[PDB]
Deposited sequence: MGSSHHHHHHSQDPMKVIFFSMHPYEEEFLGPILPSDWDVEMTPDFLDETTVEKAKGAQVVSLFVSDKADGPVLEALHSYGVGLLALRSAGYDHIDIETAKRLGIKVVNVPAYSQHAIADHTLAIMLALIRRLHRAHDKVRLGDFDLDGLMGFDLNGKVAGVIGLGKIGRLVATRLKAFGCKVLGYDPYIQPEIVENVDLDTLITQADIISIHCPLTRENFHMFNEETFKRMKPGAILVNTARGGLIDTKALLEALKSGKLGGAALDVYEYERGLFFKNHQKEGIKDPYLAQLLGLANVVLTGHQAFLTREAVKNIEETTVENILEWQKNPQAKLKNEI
């Protein structure tokens, strides 16, 4: 198994039997003949379903609630004995226009949560118009939504969807939430929107240019990435390193499925092995 983490070995250890290091960076990365992908010529390839969407809709709200209630700020103030609540005032989500971009299973669940906090949940998707959301056009979402959260994949025209112009059309004070893909956001324009005060906040789980940075302990150096250092510096940014999947259920499932997938290709190397 390639990029192995201890949070996988807790689940992936007791369920592996029969025949038989795991140095990170032969399974996944997010020579028998099978590559066991763990995301969501022929050189036999498989993949993991499920991958728990709940863990990502939960994180999405967690990160967005942390930002609006400024739990990142309070954390550092209370460590210092500074219990003055200045700069930690947020808003009630109740009555706020929540905007969901991408109405697959993660966007839907997020709209389910957002609905319960008392938001008016707008949403946009070229296919499916779910009941959970007042489906509207993208431009209307962009300009009317107090909160936008991105739950769509990254396509050639999706890149930098949030850029200097989208930031200009957005409601002043708006929170932008992204646990989908970092490429959907022009980090430079996001920092300029955040610094100038047009964008009220941002809560990111993903980051264009995250590749060699996330999932690794760079503690001996520090932050060499210029944009990451600026994101973490602003009070109105919350950021986590692509951990929106990291739940016991999701990992136990990723781990248990990966084992079955091998157990399927060795019980019969010629097949559809479910998640080919």
Non-modelled portions of the deposited polymer sequence, in sequence order:
1-18, 39-40, 46-59, 65-80, 91-102, 339
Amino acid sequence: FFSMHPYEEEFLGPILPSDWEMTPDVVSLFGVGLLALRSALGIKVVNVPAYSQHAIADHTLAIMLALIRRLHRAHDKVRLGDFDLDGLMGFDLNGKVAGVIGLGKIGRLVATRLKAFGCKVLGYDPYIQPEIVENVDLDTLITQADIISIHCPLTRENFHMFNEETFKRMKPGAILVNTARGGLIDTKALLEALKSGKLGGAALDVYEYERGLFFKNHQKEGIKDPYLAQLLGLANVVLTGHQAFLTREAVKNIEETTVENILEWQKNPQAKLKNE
From here on, numbers count along this sequence of modelled residues.
As the entry reports it, the stretch among 9-17 and 255-263 with higher mean C-alpha B factor is 9-17
Using the B-factors recorded in the PDB entry, average over the C-alpha atoms of 149-157 and of 176-184, then report which stretch comes out higher.
149-157
Which listed residue, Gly197, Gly104, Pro126, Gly99, has the largest C-alpha temperature factor in the record?
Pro126
Which has the highest CA B-factor per the PDB entry: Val27, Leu246, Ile68, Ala235?
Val27
Considering only modelled residues of the same chain, in which third does the CA B-factor of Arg211 rank: lowest, middle or highest?
middle
Classify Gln230 as lowest, middle or highest third according to the C-alpha B-factor given in the PDB entry, relative to its own chain.
lowest
What third of the chain, by the recorded C-alpha B-factor, contains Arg38?
highest
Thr240: CA B-factor among chain residues, third -> lowest
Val46 CA temperature factor, ranked by third within the chain
highest
